[PDB]
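Q: One structure coming up, written as structure tokens, with questions to follow.
Protein chains: 2
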Amino acid sequence: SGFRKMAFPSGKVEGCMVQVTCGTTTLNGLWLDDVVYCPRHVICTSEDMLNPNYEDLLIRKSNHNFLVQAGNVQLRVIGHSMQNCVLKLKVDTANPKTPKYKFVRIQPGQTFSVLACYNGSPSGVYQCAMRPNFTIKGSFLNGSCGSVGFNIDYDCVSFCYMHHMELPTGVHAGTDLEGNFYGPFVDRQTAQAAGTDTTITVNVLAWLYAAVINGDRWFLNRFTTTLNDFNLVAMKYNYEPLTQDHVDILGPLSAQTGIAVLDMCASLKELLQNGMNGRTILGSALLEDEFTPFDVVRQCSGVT
Amino acid sequence: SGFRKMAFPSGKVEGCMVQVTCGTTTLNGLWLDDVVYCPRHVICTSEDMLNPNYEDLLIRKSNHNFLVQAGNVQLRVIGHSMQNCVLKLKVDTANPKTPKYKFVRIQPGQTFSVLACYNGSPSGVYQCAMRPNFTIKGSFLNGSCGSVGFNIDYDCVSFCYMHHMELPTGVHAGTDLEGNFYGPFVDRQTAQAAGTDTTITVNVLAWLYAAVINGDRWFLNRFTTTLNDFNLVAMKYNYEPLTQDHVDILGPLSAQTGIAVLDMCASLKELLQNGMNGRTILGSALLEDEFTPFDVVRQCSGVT
Ligand SMILES: O=C(NCCNc1ccccc1)c1cc(=O)[nH]c2ccccc12
Ligand SMILES: O=C(NCCNc1ccccc1)c1cc(=O)[nH]c2ccccc12
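Here is the structure:
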């Protein structure tokens, strides 16, 4: 029992982290097989970030300008290419620590672990959700660029995020491993609107099922609701509309606890309309939305 | 910017996890050098846990009864000994993945990362605080015993906790790596009182300094207090009394933000007496006490 914001074990990812330096800028790279992936903004100077012409800037760079170091080992760069907002540095050595991996583009509302790195060294791991507005509420300082997000299924690492920047609002933006930004963000030092965010409704319900499984039951009530009625409430409180697809994915947690999805929606409706009244749920005083139905089952069943 | 309940990268610890089986019971072991450490309750059956006579039970066991497997590799056990509540299985092979390590007994209020494991396989990592009452509010299921807590300073892993049991109250108890339980707990299936817990005051103040560094400033006020006045309030709200040692350790965060420790105590006093008024601090709706002053500086400075 107990419920924590648990991250995947970062071991398989630590073995891929490298440091990439170009000119005077240093950031993190991801070494998989004979390729090192890093944000293309490694080629910019402080002056360049106002409106960088990445194609022009990369043309001044040669393989020998990209310095790649894995711990105390220097990698020989035999090729470079830009794909969207990432650079792919071909190296002459396959990473001996390359785990089985995939590159995936996660959907908003999904979760993943971030291994925050500086100078190619891992400093910490934490679990995040990709916000509905395609930002992540990370924890990243100068030099954290190139740090990646991921999920692990048995022995396979699905890399889903690479960190590129922090917005003035203190939230984070980045790309999938093909260099495509999540959201409307551009790798330019300009004011960038992150859309209106919403609370991930299916994850809050999943977290309420985790609370029930763990014994925190006070929020359960004698009421039920309908998808239509519940979504009128969700709209008012800036929660994502609940769909039948969300109800279906909540099926296993519904079966585990014997609490029908719409009945759990009625507890959520009452918590939105009345607040927590100074009580807590799983040690939290607000409604948590960073656990998916899959994370809840995994944490409550023990998948390794 | 941003602030997360960040765990250490678990890589160095994943490389030490093994599975230990004795009879029909399986749990996790920690393989460091040529020794495997695991909870001594691995030798008990379901019937034995009422009041186990561990010395008598271990006498029926031979080296060949302890089955130790590291992934797909079987370790040969050449020796066994009980030290307090842990068993130490001497194996004929030094773990090639043994990092530089130490065994430390942490103090209450200190934090550490837990790598939750099942069948010798790591499932997740999360950051914990050792409660003032010597419990940990973990997330652990059947088979999680032998999972360890730790801190990492550059290349050195300081192992501080090994998981042994879950109390009826759903909180967790365990030992240091010499098998000494933290708190009054015994490895017996009996009702066990965990003392009155308290909020770790120095950690809440440290977390308030992290909030200020990150821009969450609304709780700052025009007031100051004294250690005596502040502790009258701390007593009323079951917070640990603040000492000059705590003030001293908060020195760096005081210097960073230019907010004197006693002035930050006055903000904490007002938050305890008036609540949060439906506002949040670092995404939390309650006062967080699982970040030490050291964790705050590390997360806000970027130590790898
Ligand atoms: O290193 C960072 N940025 C460099 C790329 N800077 C850029 C990239 C794209 C567009 C505009 C500017 C950085 C990352 C972060 O998440 N938090 C920070 C906190 C303080 C100082 C810097 C950081
Ligand atoms: O495996 C666990 N215990 C076995 C040792 N059981 C024992 C050990 C010492 C004293 C009395 C009994 C266990 C650990 C945990 O933290 N959460 C659980 C949740 C459900 C089922 C079991 C667990």
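As given, the protein sequences belong to chains S and V, one line each in that order. What the first sequence shows, in the UniProt record's numbering, is residues 3264 to 3567, in sequence order. What the second sequence shows, in the UniProt record's numbering, is residues 3264 to 3567, in sequence order. Cβ coordinates follow ideal geometry from the N, Cα and C atoms, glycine included.
Is DSSP giving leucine 3549(V) helix, strand or coil here?
A: Taking the first residue of the second sequence as position 1, residue 3549(V) is located at position 286. In the structure shown, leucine 3549(V) sits in coil (DSSP, three-state: anything other than H, G, I, E or B).
Q: Per the contact definition of three or more C-beta pairs closer than 8 Å, is the stretch 3322-3331 of chain S in contact with the stretch 3356-3374 of chain S?
A: Short answer: they don't touch.
Q: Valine 3510(S): which of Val3475(S), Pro3556(S), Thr3461(S) sits nearest, CA to CA?
A: Looking up residue 3510(S) in the first sequence gives position 247. Comparing Cα-Cα distances from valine 3510(S) to each of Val3475(S), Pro3556(S), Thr3461(S), the minimum goes to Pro3556(S).
Q: Assuming contact is defined by CB atoms lying nearer than 9 Å, are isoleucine 3544(S) and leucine 3550(S) in contact in what I supplied?
A: Position 281 of the first sequence, counting from 1, holds the residue named residue 3544(S). Position 287 of the first sequence, counting from 1, holds the residue named residue 3550(S). Their beta carbons are under 9 Å apart, which means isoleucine 3544(S) touches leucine 3550(S) by this criterion.
Q: For the alpha helix (DSSP H) containing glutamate 3277(V), list its first residue and its last residue.
A: Residue mapping note: residue 3277(V) aligns to position 14 of the second sequence, counting from 1. Element bounds for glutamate 3277(V): 3274-3277.
Q: With a threshold of 8 Å (Cβ to nearest heavy atom), would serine 3407(S) be considered close to ligand 1?
A: As a position in the first sequence, residue 3407(S) is number 144, starting the count at 1. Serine 3407(S): yes, Cβ under 8 Å from ligand 1.
Q: Please report how far the alpha carbon of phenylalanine 3482(S) lies from the alpha carbon of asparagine 3316(V), in whole angstroms.
A: Counted from its first residue, the first sequence places residue 3482(S) at position 219. Counted from its first residue, the second sequence places residue 3316(V) at position 53. Near 43 Å, if we compare the C-alpha coordinates of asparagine 3316(V) and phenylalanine 3482(S).
Q: Could you have a look at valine 3388(S) and say whether DSSP puts it in helix, strand or coil?
A: As a working note, residue 3388(S) is residue 125 in the first sequence. Here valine 3388(S) sits in strand by DSSP.
Q: Closer than 8 Å by C-beta to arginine 3451(V): which residues in its own chain qualify, once you throw out the five before and the five after it? Chain order, please.
A: By one-based count along the second sequence, residue 3451(V) stands at place 188. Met3312, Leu3313, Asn3314, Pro3315.
Q: Between which two residues does the alpha helix (DSSP H) carrying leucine 3490(V) extend?
A: The count along the second sequence starts at 1 and reaches residue 3490(V) at position 227. Unbroken alpha helix (DSSP H) run through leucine 3490(V): 3490-3499.
Q: Please indicate yes or no: does the CB of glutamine 3452(V) lie closer than 8 Å to some heavy atom of ligand 2?
A: The residue labelled residue 3452(V) in the question sits at position 189 within the second sequence. The answer is yes for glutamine 3452(V).
Q: Does the beta-carbon of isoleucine 3399(V) have 16 or more other beta-carbons within 10 angstroms, so that it is buried, or is it exposed?
A: Taking the first residue of the second sequence as 1, we reach residue 3399(V) at position 136. Label assigned to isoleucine 3399(V): buried.
Q: Report the residue ranges of all beta strand (DSSP E) runs contained in full by the stretch 3292-3346 of chain V; include only those spanning at least 3 residues, in chain order.
A: With a minimum length of 3 residues, the continuous beta strand (DSSP E) runs that stay inside the stretch 3292-3346 of chain V are 3298-3302, 3329-3333, 3336-3338, 3340-3346.
Q: At which residue ranges does the stretch 3429-3502 of chain V contain complete beta strand (DSSP E) runs of 3 or more residues, listed in the order of the chain?
A: Qualifying beta strand (DSSP E) stretches, in chain order: 3435-3438.
Q: Measuring only the C-alpha atoms, how far is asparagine 3291(V) from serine 3384(V)?
A: Sequence index remark: in the second sequence, residue 3291(V) carries index 28 (1-based). Sequence index remark: in the second sequence, residue 3384(V) carries index 121 (1-based). Taking the straight line from one Cα to the other gives about 8 Å.
Q: What are the boundary residues of the alpha helix (DSSP H) that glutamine 3519(S) is part of?
A: Here residue 3519(S) refers to the residue found at position 256 of the first sequence. Where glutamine 3519(S) is concerned, the enclosing alpha helix (DSSP H) stretches over 3514-3520.
Q: List, in chain order, every chain S residue whose beta-carbon is nearer than 9 Å to that of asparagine 3328(V).
A: What you label residue 3328(V) is simply residue 65 of the second sequence in a count that begins at 1. Per Cβ cutoff of 9 Å: no residues; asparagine 3328(V) is ~25 Å from chain S at best.
Q: Just to confirm my understanding: we take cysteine 3307(S), look at its own chain, exclude 5 residues before and 5 after, and list those with CB closer than 6 Å. What are they?
A: Residue numbering aside, residue 3307(S) sits at position 44 when the first sequence is read from its first letter. Closer than 6 Å at Cβ, skipping near neighbours: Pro3315.
Q: Please check the pair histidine 3435(V) and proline 3302(V), which I expect to be a contact at CB under 8 Å, by giving their CB distance rounded to whole angstroms.
A: What you label residue 3435(V) is simply residue 172 of the second sequence in a count that begins at 1. What you label residue 3302(V) is simply residue 39 of the second sequence in a count that begins at 1. Not a contact, Cβ separation roughly 12 Å.
Q: Run the proximity test for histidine 3426(V): is its beta-carbon closer than 8 Å to any non-hydrogen atom belonging to ligand 2?
A: Locating residue 3426(V) in the second sequence gives position 163, where the first residue counts as 1. Yes, the beta carbon of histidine 3426(V) sits closer than 8 Å to at least one heavy atom of ligand 2.
Q: Indicate whether at least one CB of chain V lies closer than 9 Å to the CB of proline 3272(S).
A: On the first sequence, position 9 is the one that residue 3272(S) refers to. Answer yes: the Cβ-Cβ gap between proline 3272(S) and chain V drops below 9 Å somewhere.
Q: Measuring alpha carbon to alpha carbon, tell me which residue in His3343(V), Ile3415(V), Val3524(V), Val3475(V) is nearest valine 3305(V).
A: In the second sequence, counting from the first residue as 1, residue 3305(V) sits at position 42. The residue with the shortest Cα to Cα distance from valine 3305(V) is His3343(V).
Q: Do we get a CB-CB distance below 9 Å when we pair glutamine 3332(S) with the residues of chain V?
A: Against the first sequence, residue 3332(S) aligns to sequence position 69. Taking Cβ atoms only, chain V never reaches closer than 9 Å to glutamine 3332(S), which makes this a no.
Q: Is the shortest distance between the beta-carbon of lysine 3400(V) and the beta-carbons of chain S less than 9 Å?
A: In the second sequence, the residue the question calls residue 3400(V) occupies position 137. By this cut-off, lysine 3400(V) is an interface position.
Q: Check whether chain S comes within 9 Å of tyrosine 3389(V), counting only Cβ atoms and requiring the distance to be less than that.
A: Translated into positions along the second sequence, residue 3389(V) becomes position 126. With 9 Å as the cut-off, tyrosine 3389(V) counts as an interface residue toward chain S.
Q: By the 10 Å Cβ neighbour count, where 16 or more other Cβ atoms means buried, how is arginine 3394(S) classified, buried or exposed?
A: The residue given as residue 3394(S) occupies position 131 in the first sequence. Counting Cβ neighbours within 10 Å, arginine 3394(S) comes out buried, since at least 16 surround it.
Q: Counting C-beta neighbours from all protein chains within 10 Å, is the total for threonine 3462(V) 16 or more, i.e. buried, or is it exposed?
A: Along the second sequence, one-based indexing puts residue 3462(V) at 199. Buried: at least 16 other Cβ atoms inside 10 Å.
Q: Could you have a look at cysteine 3348(V) and say whether DSSP puts it in helix, strand or coil?
A: For the purposes of this step, residue 3348(V) is taken as the residue at position 85 of the second sequence. In the structure shown, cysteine 3348(V) sits in coil (DSSP, three-state: anything other than H, G, I, E or B).
Q: Kindly list the residues whose CB is nearer than 7 Å to the CB of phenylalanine 3403(S), restricted to its own chain and excluding five residues on each side of it in sequence; keep chain order.
A: Translated into the one-based positions of the first sequence, residue 3403(S) becomes position 140. So the qualifying residues of the chain are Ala3379, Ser3410, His3426, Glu3429, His3435.
Q: For the stretch 3347-3360 of chain V and the stretch 3515-3529 of chain V, state whether three or more C-beta atom pairs, one from each stretch, are separated by less than 8 Å.
A: Contact between the stretch 3347-3360 of chain V and the stretch 3515-3529 of chain V is absent, because fewer than three Cβ pairs lie under 8 Å.
Q: Between the stretch 3456-3487 of chain V and chain S, which residues of the former have a C-beta closer than 8 Å to a C-beta of the latter?
A: For the stretch 3456-3487 of chain V, which is checked against every Cβ of chain S, the residues closer than 8 Å are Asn3477, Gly3478.
Q: Mark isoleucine 3415(V) as exposed unless 16 or more other C-beta atoms lie within 10 angstroms of its C-beta, in which case mark it buried.
A: The count along the second sequence starts at 1 and reaches residue 3415(V) at position 152. So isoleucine 3415(V) counts as buried.
Q: Quick check on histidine 3509(V) - is its C-beta less than 9 Å from some C-beta in chain S?
A: Locating residue 3509(V) in the second sequence gives position 246, where the first residue counts as 1. Taking Cβ atoms only, chain S never reaches closer than 9 Å to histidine 3509(V), which makes this a no.
Q: Which residue wins for smallest C-alpha separation from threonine 3284(V), given the options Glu3277(V), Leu3295(V), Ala3270(V), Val3299(V)?
A: Position 21 of the second sequence, counted from the first residue, corresponds to residue 3284(V). Selected option, being the one with the closest Cα: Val3299(V).
Q: For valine 3496(S), tell me which candidate among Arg3485(S), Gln3346(S), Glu3533(S) has the shortest Cα-Cα distance.
A: As a working mapping, residue 3496(S) is identified with position 233 in the first sequence. Of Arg3485(S), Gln3346(S), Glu3533(S), the residue nearest in Cα terms is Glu3533(S).
Q: Quick one: using the 10 Å Cβ neighbour count with 16 as the cut-off for buried, is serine 3376(V) buried or exposed?
A: Position 113 of the second sequence, counted from the first residue, corresponds to residue 3376(V). Counting Cβ neighbours within 10 Å, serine 3376(V) comes out buried, since at least 16 surround it.
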